[PDB]
Amino acid sequence: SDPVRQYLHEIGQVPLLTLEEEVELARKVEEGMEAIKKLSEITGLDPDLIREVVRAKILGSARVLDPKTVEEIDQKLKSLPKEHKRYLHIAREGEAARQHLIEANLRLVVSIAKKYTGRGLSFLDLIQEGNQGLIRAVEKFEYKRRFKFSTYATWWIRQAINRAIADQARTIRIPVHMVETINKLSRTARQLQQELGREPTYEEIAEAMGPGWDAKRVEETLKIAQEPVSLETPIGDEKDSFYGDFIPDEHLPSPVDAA
Amino acid sequence: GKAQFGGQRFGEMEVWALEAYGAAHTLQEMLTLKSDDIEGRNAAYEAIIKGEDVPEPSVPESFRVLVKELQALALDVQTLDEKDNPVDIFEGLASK
Amino acid sequence: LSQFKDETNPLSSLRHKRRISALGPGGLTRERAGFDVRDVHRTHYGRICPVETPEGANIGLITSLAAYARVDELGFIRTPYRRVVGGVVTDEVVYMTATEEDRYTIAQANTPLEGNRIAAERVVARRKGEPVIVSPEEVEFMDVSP
Amino acid sequence: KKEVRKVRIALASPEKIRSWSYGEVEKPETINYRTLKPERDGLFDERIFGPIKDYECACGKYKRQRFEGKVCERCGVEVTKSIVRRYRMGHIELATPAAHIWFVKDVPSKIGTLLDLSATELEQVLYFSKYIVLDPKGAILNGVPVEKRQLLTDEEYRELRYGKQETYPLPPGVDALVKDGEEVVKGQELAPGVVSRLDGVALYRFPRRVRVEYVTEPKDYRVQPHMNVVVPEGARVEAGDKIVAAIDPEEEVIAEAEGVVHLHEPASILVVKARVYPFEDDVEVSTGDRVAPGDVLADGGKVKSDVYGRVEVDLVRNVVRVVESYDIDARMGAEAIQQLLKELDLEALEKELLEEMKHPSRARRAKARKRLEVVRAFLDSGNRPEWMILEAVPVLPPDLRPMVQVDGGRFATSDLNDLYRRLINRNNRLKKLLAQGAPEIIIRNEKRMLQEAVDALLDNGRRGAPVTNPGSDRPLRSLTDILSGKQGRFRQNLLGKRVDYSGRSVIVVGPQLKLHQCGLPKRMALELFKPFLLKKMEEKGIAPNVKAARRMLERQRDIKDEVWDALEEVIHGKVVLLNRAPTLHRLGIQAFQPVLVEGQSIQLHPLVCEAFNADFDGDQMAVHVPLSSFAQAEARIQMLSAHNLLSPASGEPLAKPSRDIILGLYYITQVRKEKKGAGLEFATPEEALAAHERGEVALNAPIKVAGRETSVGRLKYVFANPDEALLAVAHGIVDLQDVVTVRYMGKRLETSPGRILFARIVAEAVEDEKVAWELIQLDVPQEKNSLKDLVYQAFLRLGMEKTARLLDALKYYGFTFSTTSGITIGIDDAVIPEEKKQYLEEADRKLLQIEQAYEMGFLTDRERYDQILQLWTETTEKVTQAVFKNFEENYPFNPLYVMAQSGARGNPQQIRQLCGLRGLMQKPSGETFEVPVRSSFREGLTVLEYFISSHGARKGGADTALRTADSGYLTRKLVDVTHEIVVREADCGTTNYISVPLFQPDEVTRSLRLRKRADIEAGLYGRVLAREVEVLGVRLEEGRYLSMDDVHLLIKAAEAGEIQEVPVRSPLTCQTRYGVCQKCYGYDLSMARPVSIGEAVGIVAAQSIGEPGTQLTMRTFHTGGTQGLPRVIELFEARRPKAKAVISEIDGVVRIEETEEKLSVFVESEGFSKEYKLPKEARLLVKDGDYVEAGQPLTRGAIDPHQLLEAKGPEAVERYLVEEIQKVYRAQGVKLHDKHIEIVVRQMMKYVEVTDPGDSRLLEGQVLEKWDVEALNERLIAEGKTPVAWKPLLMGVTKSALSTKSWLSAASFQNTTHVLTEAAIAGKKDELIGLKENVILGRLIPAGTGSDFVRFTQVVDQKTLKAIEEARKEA
DNA sequence: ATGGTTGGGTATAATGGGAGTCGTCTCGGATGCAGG
DNA sequence: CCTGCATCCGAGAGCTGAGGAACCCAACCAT
Ligand SMILES: Nc1nc2c(ncn2[C@@H]2O[C@H](COP(=O)(O)OP(=O)(O)OP(=O)(O)O)[C@@H](O)[C@H]2O)c(=O)[nH]1
Ligand SMILES: Nc1ccn([C@@H]2O[C@H](COP(=O)(O)CP(=O)(O)OP(=O)(O)O)[C@@H](O)[C@H]2O)c(=O)n1
Ligand SMILES: [Mg+2]
Ligand SMILES: [Mg+2]
Ligand SMILES: [Mg+2]
Ligand SMILES: [Mg+2]
Ligand SMILES: [Zn+2]
Ligand SMILES: [Zn+2]
């Protein structure tokens, strides 16, 4: 078992990149995107559809839009006289380069994500969201600026991880902005406690937050931030009493009321 | 519990004692009209305060909970009659 | 191990403060505990009461500290003994662990005395928990009290 | 509404799962954090599961009824009952298929057995660690072609699917030794420190420098990593063309004139294994295209491929390269497993396995049989194997996983909501990654996580670490944990419940009550009978309506005094049920008529305390109210305490005098003995009277007058009738204990007035003087056993009503006489005999001698220890004898002696500990201290002796604590194995029977000895005679129920040598299906009459066996100077003993051959001879030149039941099991009939194994019920086919219970996952035959008043029947 | 028409984890390895 | 080729009562 070591092994089974290979792959991806848009202009079809069919042909039969239409469009692309099959070639090469770049940079995602444990998401969920951010960064990277890929990719990986944490960490979903409000309130209260030598009051937290903040608003914000408890929480030393055994039902009418 | 105005537990061994006595109707009353036959317990209370005798019991709610939870494990549990045709215990409230 | 204090009367709280538990975080499991952990070991003499324990499924897993016993800095229970020198009982009191106690012959606290001298030919004693009969010359320590 | 007759369980197809659901759950949102309302398409959506409010949509456009079946257009919520939120399911559509863990992790795996894959291989494929091959497409691995169902590692699949290539770095300042595009053979060095490993072409990767001539002289250009080289190696360039392209135009390299291009100092070299094809114009195939040999690549077909591979087109070198790789289709995970399962043809596999069954090897035969079991289950049920893989996951209705708001404004929720949220999150992320064309590693990881999420939802913690909520260690409760266990749905909510109309309170003794009465507190009864009370107050004028009466009763100070009289009116004639936990047997619940009392305690009759096992140091009881007329009738006729006077386990009285009642009756019926006279001789009675007047002779001294024994009291006081004697007692003339002469029933009895008073008490209680005179034993003191015999005889001769009246009279008079008798306990009552001192001094001498014999060498350590132990044991026995002799001779009326002799309280061991000495004590290891405790409890122990006894006290306490759980577990197993056995008919018509033996072989193997009276009574009383018997000039006909007098007659005839065994009907030979018949069961032991048809005898048997074990079988153990419960458990589970004896396999004669190194026993018969080699230290029960039958033991120890079944037969093993189980209960003084053990054993011997299928569709080695194989054989014989050959089996109670046909009972018993998986695979149907299934469904059990034999009875009066008859005659 | 909520982007470079568990006793089957 | 025998894994272990860790900007649907 232990899927973390399994994934780490699969990750380390791919060699890292040097500057030459990384810049070569990024350039190949950029030229592939340019070739894709040129091909779309030549054939008159949508860039998205042509990108999808080219990616399907690159990934092959292993990855399961249907074979009929993709084969039709792939043959229509083979109908180009010359100087356009070249664009098709650069498109395919750029897609292969995109795949290779993502695979090679998968380790930075793990290195970043190992610092966000213990915040309501498991390690592998954090890794997968970081992978999504990495794919975004590969999509948006620009090698002309002579910047190392990790420099640009770290921002997108962090954005993906934080958005995932704010979106999927609570049983009751809270909007992103108000999650940031809760986190800011917690940080403010913690620093106030550190300075005061005791737990602050709602008035002091309101004053420290700034304008537009009073004790009632702080109370409401702390009220909504409560997480639900488990109906299966054990009660007592023995494993025979749970929490939900003490909670009556108020919806269904009682026999007295029905009579 | 007394703090929750609760009832006493009629556990497995009490059911065994009732079975050993051959008290079939008493045991069925404990299982349905007094625990979780909702329609049954409502009708029993109404009949007792009206002066009549308690009516016949129905399926306990706990069996319906069991059926629904077995369905959640992707198991098809069906109640059939003497001709192996399905009988609906949910009163048509769970069929599209 | 942090328990709602029992305070029905003063003795209830005093009893609660002297409780010793084999259970808890990092301890034995009641359903898994066998017979060896619940026994009255011979080294419990003077350190853990052989009588006071729960009657149900916790019998032997919760016990009480004996009246004269003291827990040291290393966490081992010690009990006191009077030093007997040449058949004469002194007032020097030594607190021993079970390991040190296993080394000596210890006489009973009801041994007859004339002044502070063992006035009996035959003395009931313990040697590594074994009841033995010895002469007063072989006695090295003596119980303080029942 | 049709009635439910069967329950079927089966597998659910994805179509079935999707037809169940009311919509797809697509979002992990539960409720809106602000409005607390369900979110759209989440786990609580009203559009899927139903409205929160009754007949009201979410938005509120519709808020009334008769909108049923109307879905609001604005909100999409159907207008109907809100209760549908606990019935309607949802579903989740998985992006990729996932496997149901129940069919993977349930050993042996169903999927693995169907596909012939091991557990390890299934784990590797399912969790994405290995590929499995489907359509190999002619690929080659290590020179061997790949085949279907082959497992490939990552490297193996990578080389087969993409090719081979290695890139080698080149250090700066070191140049390669080969050109670009040149082939390399393994070992060809490309650098002074670099040697290639794989054959194929070598290509440059980022050459650092470029050399270009100029038409010639050379020149160099350094190339930095941020720029690329466009020109290929070894090609001409023109003036104005760019060579090394760069980001910046001013950094580009453009040759000034013509020249060639060469590349030097490569950054790395990439060696591949591929084919090379140069071209000059447009190509056909692009990069990423896989081709076969002889395909068109470029030049309009001029170049063609020679190998399979993947195409890469290099435009710099204008060449197409075919990397050698294949198009093998190997998959991972549940998609691959489902693909394999969909292709499986079950009939061809069945034929192949049927052919495999004929292999000579038995291991291969077992493997084929196990596979055919699953294959045939799938073929018969109609399920498809691919349905074991989940495509749509069902979602439980929200009201069964509630999100409730606690009274404090917080929320509480189930773990299923978190599990569903994790599953939905991972599914959505997988869909997003798939639509985004992610690499294969990320998709593999996400699919693995999805499989784990489904596993956690279905069965958490079964594989890997269980899922826990963040910040907490507690595992989440999954659906499996909900279903199974002691806290699961089955055992906690279906087989037992909490009930209405119940209460509980402390119990108090009720000496003034009758046997059918209990004292019930007034407040308890007001709450318990509240609706009846409301109706009664309505009938009167206390309240105008029911609501007013309820409001009145709500407030304590608002209650009037007429409501109490109304309450007395309400409960008139009704009964309540009293129950004390634990309910070990059925007499733990009893029906009593309530008497309303002031106070808060329930008053309990003294005579039911033994049936309840209740005393009065804080015990509590529960009160239940049966509601309907049927329930009240059942409680009053079947459960009333005054109707249950005999024990169902043994047939002995269970309501009987005890404690103070016994004490008082014994005190008044014991006569005085005096020694002042002491056997003097007198000639005439006047002289005896004169000597008594002088004071020389006491009144009760045994003197001799005129040559005959008598006393002064017998001559002095002659009374004309009992009234005169009791008048003399009331005047102080004589005591109740003085022996006088009374004329009674026309006979001059020499007896005491107390015995005459006791006779009058009985005669007046039963209202018949002659029968009462016949019942009692006049000339003995009344103690426990004589009083029990009196109660049993009164029952037999008069009935339960008169027996209950007699019981109440005996209770009253016993209490009255023990109050005034003067019984008390002082310290001087523990009399110390003088002999004890002597016995100690003698011991002190003998001990010395032992030490001497040890000092001089004649004794070793072990022998000296044994001698000391034996000496102290004998001294303890002597002191016990001396104590009891001293009591008998000197103090016949002593309180301890009276208590122990009458049976009221105590046994000799405790009295010895009080008076004589405590004795030897055992160390915690189980060995005995050398020095005993020589003091008693009266003298007082010393500190050391007390500490020595503490070890035994603690050991006894811990033994009780363990034995309780073990015995409860045994009782539950027995109930599960016997619960369906009911008395279903009058007679099965069988002619088989069993023979109860009246003699047993001796211990020392001397000869046959008559059995104990109790054993024969337990084996014979109440049984039906199988054949006619003729003993002592009395003919007992066939079909006669054996009463206790008949049993005594049979014992008397056995003692005269006329009979050796009795043939009786038994449950072991009954042919009734699903139960027994009336004749084969015999008496209802609690009624001393034939059993009624419809009685649940299996439950009674289980309770009768289990109740004694709970405490009796090895109560407070007293630490004073293989076996027990484990032996019974071993016998019932049919386990092979550790000290298993050796039993002769066949008949023969015995020849013992012992050598200096080995010992052996030979059994030699006229046909064959066998040899048994056993360890030399073993003990033999056989002598040389002896005759031994088949199965006869040759060694001391426990006999393996399976070996006995193989050797001797099924009747032999049944007899052995019954006898060996009864031995343990007899050792503890427990009386229990053989019927119950025979019921359980008949269940244990229920199955057969097929050895030869004959002309049937059975398989060899298949285990099935004996009834089924018998019916199949009967059909085959009728139709003219070869019979099925079978052999009997023996399995334990656990395995026999788990092998039952009903899946509901087995699932509710134990091992729920296995039972449910097997039943679902087979499509099993439950016929609801036993009691557990009907209890689970809340149905009327088929026993007692629910039996088909009695439940259709009608009742009608004469006038109505006449009217109906006339109506029939008219038409 | 106003807050409430949702989506996109930030550019030096960063590239394989962490808490943990060792005081249960049995039994029955499944399974791989030793021998002939 | 057969067989038995260590080895390992999983499911059991009485009832009742009481007990509680970034921020910013810009647009878009809801009401
Ligand atoms: N069913 C059942 N009855 C019990 C149990 N323990 C005690 N009893 C009954 O309750 C009576 C009084 O119990 P005691 O041991 O005196 O006291 P308690 O009420 O259990 O409470 P404490 O000793 O204060 O812990 C006993 O004599 C038994 O009849 C138990 O675990 N189960
Ligand atoms: N865990 C438990 C503890 C107790 N019980 C039940 O309560 C009773 C208490 O006996 P007890 O211990 O009060 C008898 P004791 O005073 O020693 O007996 P004596 O006067 O006859 O000599 C037991 O017999 C069981 O029925 C239980 O079911 N589970
Ligand atoms: Mg107690
Ligand atoms: Mg008692
Ligand atoms: Mg009691
Ligand atoms: Mg006279
Ligand atoms: Zn609506
Ligand atoms: Zn029969």
Side-chain angles (χ1 to χ4, degrees), chain A residues 2 4-5 7-12 16-17 104-112 114-119 123 136-137 140-142 145-156 158-159 162-163 165 175-178 180 183-184 186-187 190 233-238 240-243 246, chain B residues 1-3 8-9 11-14, chain C residues 4 22 26-29 31-34 36-37 57, chain D residues 34 105-108 118-119 360-363 462 484-486 504 579-584 588 620 622 962-973 1106 1110 1133 1135 1292 1294-1295 1310-1311 1313-1314:
Chain A
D2 185 11
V4 173
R5 64 153 74 269
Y7 177 77
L8 290 179
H9 172 96
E10 318 169 22
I11 281 305
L16 263 170
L17 291 190
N105 294 287
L106 285 175
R107 330 166 80 117
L108 178 74
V109 162
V110 168
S111 70
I112 295 171
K114 73 180 178 182
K115 321 165 189 175
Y116 296 70
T117 52
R119 301 174 53 174
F123 194 23
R136 201 62 170 298
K140 214 151 311 180
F141 181 82
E142 287 191 338
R145 313 171 182 238
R146 300 191 191 243
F147 285 138
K148 291 213 73 187
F149 179 75
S150 57
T151 309
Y152 191 50
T154 288
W155 284 85
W156 280 107
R158 284 217 197 110
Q159 190 256 356
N162 279 280
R163 186 67 34 117
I165 287 178
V176 160
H177 70 280
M178 183 66 75
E180 330 195 306
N183 295 343
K184 176 190 171 190
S186 291
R187 143 165 44 91
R190 164 176 81 241
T233 291
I235 279 185
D237 300 335
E238 323 299 297
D240 74 307
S241 149
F242 288 166
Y243 186 65
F246 286 47
Chain B
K2 179 207 211 262
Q8 312 305 307
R9 174 156 170 84
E12 292 195 55
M13 303 177 99
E14 287 80 51
Chain C
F4 207 54
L28 298 156
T29 325
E31 311 88 286
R32 294 180 177 176
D36 289 345
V37 278
Chain D
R34 216 170 21 92
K105 243 50 198 178
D106 195 82
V107 196
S118 66
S361 175
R362 73 160 297 116
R462 195 173 205 178
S484 44
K486 193 190 297 190
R504 87 183 294 107
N579 166 232
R580 183 195 167 271
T583 319
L584 299 183
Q620 295 185 257
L962 267 281
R963 165 228 310 138
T964 322
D966 287 329
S967 178
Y969 192 29
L970 173 63
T971 303
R972 201 193 175 245
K973 292 191 273 200
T1110 53
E1133 296 275 18
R1135 303 200 172 124
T1294 294
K1295 174 135 144 83
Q1310 217 174 250
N1311 208 357
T1313 302
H1314 181 81

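Letters go in sequence order (proteins before strands), and every chain restarts at 1. Scope of the values below: all heavy atoms of this structure, side chains included, with no hydrogens, waters or symmetry mates.
Judged as a side chain to side chain donor-acceptor pair (under 3.5 Å), and not counting sequence neighbours, the contacts of D:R504 are B:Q8. For A:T117, the side chain to side chain contact (heavy atoms under 4.5 Å, CB included) test picks out A:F123, A:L126, with sequence neighbours left out. The side chain to side chain donor-acceptor pair (under 3.5 Å) check on C:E31 picks up nothing, with sequence neighbours excluded. For A:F149, the ring pair (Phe, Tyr, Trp, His ring centres under 6.0 Å) partners are A:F141, not counting sequence neighbours. Partners of C:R32 by side chain to side chain contact (heavy atoms under 4.5 Å, CB included), not counting sequence neighbours, listed by chain and number: C:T29. With sequence neighbours left out, the side chain to side chain donor-acceptor pair (under 3.5 Å) criterion links D:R462 to D:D106, D:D459. For D:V107, there are no side chain to side chain contact (heavy atoms under 4.5 Å, CB included) partners, not counting sequence neighbours. Residues passing the side chain to side chain contact (heavy atoms under 4.5 Å, CB included) test with A:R187 are A:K184, A:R190, A:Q191, sequence neighbours excluded.
For the pair D:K105 NZ and F:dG10 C1', the interatomic distance rounds to 13 Å; values are reported in whole Å. What separates CZ of A:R158 from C1' of F:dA21 is a distance of 12 Å, to the nearest Å. Residue D:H1314 contributes atom NE2, which lies 15 Å from atom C1' of F:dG12 at whole-angstrom precision. At whole-Å resolution of the value, CZ in A:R190 and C1' in F:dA21 are 7 Å apart.
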Collect all protein-nucleotide pairs involving nucleotides 15-19 of chain F in which both atoms are nitrogen or oxygen and the distance is under 3.5 Å.
unit_1, atom_1, unit_2, atom_2, d
F:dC15, OP2, D:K486, NZ, 3.0
F:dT16, OP1, B:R9, NE, 2.8
F:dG17, OP1, D:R498, NH1, 2.9
F:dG17, OP2, D:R498, NH2, 3.4
F:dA18, OP1, B:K2, N, 3.0
F:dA18, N6, A:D240, OD2, 3.0
F:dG19, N1, A:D240, OD1, 3.4
F:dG19, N2, A:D240, OD1, 3.3

Contact list (N/O, under 3.5 angstrom) for nucleotides 4-6 of chain F vs protein:
none

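Across all strands shown, A:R136 has heavy atoms under 4.0 Å from sugar-phosphate atoms exclusively, and none from any base. Residue-level contact check: C:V37 touches the bases, meaning some heavy atom is under 4.0 Å from a base atom. Using a 4.0 Å heavy-atom criterion, one finds that A:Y243 contacts the bases of the nucleic acid, with or without backbone contacts as well. Counting non-hydrogen atoms under 4.0 angstrom, D:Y969 reaches the backbone sugars and phosphates but no base. Residue D:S967 is classed as having no contact, given no heavy-atom separation below 4.0 Å to the nucleic acid. The residue D:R580 sits apart from the nucleic acid: no heavy atom pair falls under 4.0 Å. Residue-level contact check: A:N105 touches the bases, meaning some heavy atom is under 4.0 Å from a base atom. Within the 4.0 angstrom heavy-atom criterion, no nucleotide atom of any strand lies near A:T117. Heavy atoms of D:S361 sit under 4.0 angstrom from primed sugar atoms or phosphate atoms, though from no base atom. Contacts of D:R1135 with the nucleic acid, taken as non-hydrogen atoms under 4.0 Å apart, involve only primed sugar atoms and P, OP1 or OP2. Among the heavy atoms of the strands, none lies under 4.0 Å from A:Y116. Residue contacts for D:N579: at a heavy-atom cut-off of 4.0 Å it reaches no nucleic acid atom on any strand shown. Within 4.0 Å of A:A104, counting heavy atoms only, lies at least one base atom of the nucleic acid.
Between A:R107 and A:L8 the shortest side-chain heavy-atom distance does not fall below 4.5 Å.
Residues C:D36 and A:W156 both approach DNA chain E. Their nearest nucleotides, taken by heavy-atom distance, put A:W156 toward the 5′ side. Each of D:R34 and A:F123 was assigned the nucleotide of DNA chain E with the nearest heavy atom; the assignment lying further toward the 5' end belongs to D:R34.
For the neighbouring bases E:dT15 and E:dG16, no stacking contact is recorded, as ring-centre distance under 5.5 Å and ring-plane angle under 30° do not both hold. Base stacking between F:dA26 and F:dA27 is present, with six-membered ring centres under 5.5 Å apart and ring planes under 30° to each other.
In this entry F:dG12 carries a north-puckered sugar, per its positive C1'-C2'-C3'-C4' angle. A negative value of the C1'-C2'-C3'-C4' torsion places the sugar of E:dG23 in the south (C2'-endo) family. Regarding nucleotide F:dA13, the torsion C1'-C2'-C3'-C4' is greater than zero, so its sugar is described as north. Its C1'-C2'-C3'-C4' torsion being negative, the sugar of E:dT12 is assigned to the south family.
Using atom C1' as the reference point in both F:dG14 and E:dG20, the two lie 35 Å apart (nearest Å). Using P as the reference atom, F:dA30 and E:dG7 are 13 Å apart when rounded to the nearest Å. Taking atom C1' in both E:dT24 and F:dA13, one finds a spacing of 10 Å when rounded to whole Å. Look at the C1' atom in both E:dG4 and F:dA27: the space between them is 13 Å, to the nearest Å. Comparing F:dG12 with E:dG17, their P atoms are spaced 40 Å from each other, to the whole Å. Rounded to whole Å, the P atom of F:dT31 lies 13 Å from the corresponding atom of E:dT6.
Remark: DNA chain F forms stems of 3 or more consecutive Watson-Crick or G-U wobble pairs, all pair distances under 3.5 Å, at E:6-10 with F:22-26, E:25-36 with F:1-12.
Of all nucleotides in DNA chain E, those with any atom nearer than 4.0 Å to a heavy atom of chain A start and finish, going 5' to 3', at E:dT5 to E:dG17.
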Salt bridge (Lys or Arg N to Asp or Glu O under 4.0 Å) between A:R5 and A:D2, intermediate numbers included: CA-CA 6 Å; A:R5 64 153 74 269; A:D2 185 11; 3.3 Å; yes
Working for side-chain contact (heavy atoms from CB on, under 4.5 Å), residues D:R972 and B:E12: CA-CA 9 Å; D:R972 201 193 175 245; B:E12 292 195 55; 3.7 Å; yes
Full working for salt bridge (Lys or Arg N to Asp or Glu O under 4.0 Å) between B:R9 and B:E14: CA-CA 9 Å; B:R9 174 156 170 84; B:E14 287 80 51; over 6 Å; no
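Contact between the side-chain N/O atoms of A:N183 and the OP1/OP2 oxygens of F:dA21 is found at a separation under 4.0 Å.
For the pair D:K973 and D:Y969, the cation-pi test (distance below 6.0 Å, angle within 45°) is passed.
In terms of heavy-atom proximity, D:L584 sits nearest to B:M13 at CD2-CE, 4.3 Å. Closest heavy-atom contact between D:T1110 and D:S967: N-OG, 3.0 Å.
Between A:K148 atom NZ and A:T154 atom OG1 the span is 11.0 Å, to the nearest 0.5 Å.
With hydrogens and angles left out, the side-chain atoms of D:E1133 and D:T1294 include a donor and acceptor closer than 3.5 Å.
Nucleotide F:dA21 carries a syn base; the chi torsion (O4'-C1'-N9-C4 or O4'-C1'-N1-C2) is within 90° of 0.
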